[PDB]
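Let's start with one chain on its own, the form deposited in one PDB entry, as structure tokens.
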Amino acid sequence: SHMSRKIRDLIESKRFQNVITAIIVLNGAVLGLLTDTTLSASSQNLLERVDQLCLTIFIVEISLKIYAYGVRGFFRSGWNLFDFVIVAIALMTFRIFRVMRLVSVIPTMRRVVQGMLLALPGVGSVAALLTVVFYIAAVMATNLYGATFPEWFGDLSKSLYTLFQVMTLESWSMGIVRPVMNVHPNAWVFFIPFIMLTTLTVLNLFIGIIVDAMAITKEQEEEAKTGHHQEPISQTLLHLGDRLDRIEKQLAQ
């Protein structure tokens, strides 16, 4: 109980964070050195020991945490969970994902990610509309072009892949649409509207995420530093209205 408190004070320490950071980076650097195919077996052996170590430190850390907060207190945070899964999973193939923990552990990084996650609900409808345009476009392109262009359109999967490439504008004309039009001369009537509508919609999607993510992140940075945020101008004005109701009611008296 005094122990809990002294440990929670270690954990919530800034030096302790710096140390977990340093270990994430180290574990990351070593997984990077291990991509190098030319390494001696002793080189690889060291590196792989450096990694067992990193992972052991994380076990202690997570222990120090589940303890100083209890099972239900730790698992109350999605970040703790994420930290827990990522570390636990290594105890049972892309280990480099452990480097994501730079996000869970560094607060300003965590707040960028939380802004983005929190913005996802409010673009869900733009994303659904994009999804529907894709699905429809892919069925039509399969039926229209699948028999004459089967590597690009031969089945629904192929069509979706190709249309995604088309929406990114990558070789959409020299590589896809001009060859298509040599066999189907009006194919531009399909492809040009597809491009116009998906590029508009995907930028609508991007801009909505970003504008909202940034506003959320900024409120969170405010709360984290002063315990509150700026009131919306919206509600500042309403309050000004209140002081003017209590002046018109004191002026009638």
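One rule holds for the numbers: they count along the sequence shown, beginning at 1. Superpose the two forms; the largest set of C-alphas matching within 1.5 Å is the rigid core.
- According to the entry, the deposited sequence places 10 or more unmodelled residues between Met92 and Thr93.
- Judged by mean Cα B factor in the deposited record, 80-88 ranks above the other of 151-159 and 80-88.
- Looking at mean Cα B-factors across 169-177 and 125-133, the upper value is held by 125-133.
- Among all modelled residues in its chain, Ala41 ranks in the highest third by Cα B-factor.
- Among all modelled residues in this chain, the alpha-carbon of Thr56 has a temperature factor (C-alpha) in the highest third.
- When all modelled residues of the chain are sorted by CA temperature factor, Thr217 is found within the middle third.
- In this PDB entry, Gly70 carries a Cα temperature factor that places it within the highest third of its chain's modelled residues.
- Looking at the C-alpha B-factors along this chain, the one for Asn204 belongs to the lowest third.
Although it is not shown, the form deposited in another entry is what the next lines describe.
- For the set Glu221, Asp212, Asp51, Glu61, a Cα shift of at least 2 angstroms between this form and the one not shown, after rigid core superposition, holds for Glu221 and for no other residue.
- Taking 2 Å as the criterion, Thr236 counts as shifted between this form and the one not shown: its C-alpha moves by at least this amount when the rigid core is aligned.
- Core-superposed comparison between this form and the one not shown: the CA of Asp9 stays below a 2 Å shift.
- The gap between the Cα atoms of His229 and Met109 is larger in the other form, by no less than 3 Å, than in this form.
- Contraction of the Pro232-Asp212 CA spacing by 3 Å or more is recorded in the other form, set against this form.
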